[PDB]
């Protein structure tokens, strides 16, 4: 009912179009901030593409019905300082989400968990057309990243989940929770910033060792 293919640089507009249909509106932190369509969000979402390890599921008409956008994560050199993506972001609501993401990388370093790993695959966005859900697509997209990981000597697939539905999908594929931060505990300036709808109670960083 679908094929699994690598996402080509020519695919960015089709990727964005597919995430505008299914994903951006439904992200719980987006829904909580009433963040709508947003240009910063769209470009941040397309950032991993040049890493050439993102994958798409396409139907018989050649339309993208699912994606799993991945970026490469290189173990930092000792000279390297962490980048704060919330800085240099200008949208008021989206900077709140990028701040949270910075806060998570400040509180949990995946590269300390796996000291023998120089390179780690980073699952950024997984989205499937509702008309094509329940057909094993997320598993096939994830199996396709396993092939990439094997060709490039990667052993750890790291997936930060802002949605409990995404974390449950990865849990079912054999990922395990390596870190959790509750939204009730994220009070960077003394006060709670996110209180999304249950069951999205916090951030789950999921990982698999292949």
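Residue numbers count along the first chain shown, from 1.
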Legend entry - Average Cα temperature factor in the PDB entry - higher stretch of 83-91, 114-122: 83-91
Inset, instruction - Select between 174-182 and 32-40 the stretch whose C-alpha atoms have the higher average B-factor in the entry. - result: 32-40
Inset, instruction - Could you look up the Cα B-factor of residue 15 in the entry and say which third of the chain it sits in: lowest, middle or highest? - result: lowest
Legend entry - Entry-reported Cα temperature factor of residue 147, expressed as the chain third it lands in: middle
Legend entry - residue 26 - which third its CA temperature factor falls in, relative to the rest of the chain: highest
Inset, instruction - Relative to the other modelled residues of the same chain, rank the CA B-factor of residue 163 and answer lowest, middle or highest third. - result: highest
Legend entry - Third of chain Cα B-factors occupied by residue 207: lowest
